[PDB]
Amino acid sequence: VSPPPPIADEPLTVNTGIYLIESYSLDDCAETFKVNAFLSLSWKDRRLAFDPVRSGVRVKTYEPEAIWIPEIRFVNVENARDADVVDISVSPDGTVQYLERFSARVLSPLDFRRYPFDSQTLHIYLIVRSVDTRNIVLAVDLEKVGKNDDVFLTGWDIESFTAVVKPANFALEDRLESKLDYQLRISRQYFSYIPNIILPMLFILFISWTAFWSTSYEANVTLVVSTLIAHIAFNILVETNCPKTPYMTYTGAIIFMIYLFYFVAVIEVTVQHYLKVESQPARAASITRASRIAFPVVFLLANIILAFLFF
């Protein structure tokens, strides 16, 4: 067996579809997700055409080995998918209806710049390589592209599963390659982030700010430095567990600013005490009183600037 012959000079159309059965193991660190789905394939092989009358059958079932089947591969997979041919059906005209169940660990880049208010498009790229006898081209039947209602990823809302209908046909190592883009659109469930991370982090910072209503240098040193320890401790607790991102994220910028604020509050506490000790209590008291407003105001403003820059 070799590819079906062209009637004219036309390429062979392999109609595809992917139906998600299970989506699992989305890994933010590895930028990978595990999928379990159906892969449907449809094409015409006139060599396989038959007279249903003089055959006594309206359909013919074949073993994968018995007939020509296109070699469809996935571009962005760790290793080749584990596939199980579910069914192969041939109709009197030579139409082949192929179906397999497969599992695969798909590599898809994730953008964490807007985390935890991010949305992602997961990609699954189907590909076919042409042979010398004839060019093979992929097509999508969107009726055949879907997902089980029960499919889920914890912490994400799965908006849709679709395919970009126009394939990407290009030459590679002297042969045409036809590629399809299947997209899984997901948006993060950011609720518990406010009470679980942000609010507690904010409270610690706010505690450090009470040093602006105290003249006790010993109590102030304990306030700013102990809260810095509590902040670091809290970040270890709520730690992403992923190796640090190469780029600056939204949450990343806020956290950097919180460290800057702890340093600035230490400078203030240091300045106020030095001024007091160096017989200048009027300047010390005026700085501390300004800080009471300057600190929350500069914080709230910089946060609005960051929110604006990222979104």
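Throughout, we count residues from 1 along the sequence that is shown.
- If you average the C-alpha B-factors over 237 to 245 and over 105 to 113, the higher value belongs to 237 to 245.
- A summary of the deposited B-factors shows that, of 218 to 226 and 94 to 102, the stretch with the larger mean C-alpha value is 218 to 226.
- When the C-alpha B-factors of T32, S40, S279, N36 are ranked from the entry, the top spot goes to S279.
- Among all modelled residues in its chain, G252 ranks in the middle third by Cα B-factor.
- Among the modelled residues of its chain, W213 has a C-alpha B-factor that falls in the highest third, as given in the PDB entry.
- Remark: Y190 belongs to the highest third of its chain, ranked by C-alpha B-factor as recorded.
- Among all modelled residues in its chain, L300 ranks in the highest third by Cα B-factor.
- Compared with the other modelled residues of the chain, the Cα B-factor recorded for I69 ranks in the lowest third.
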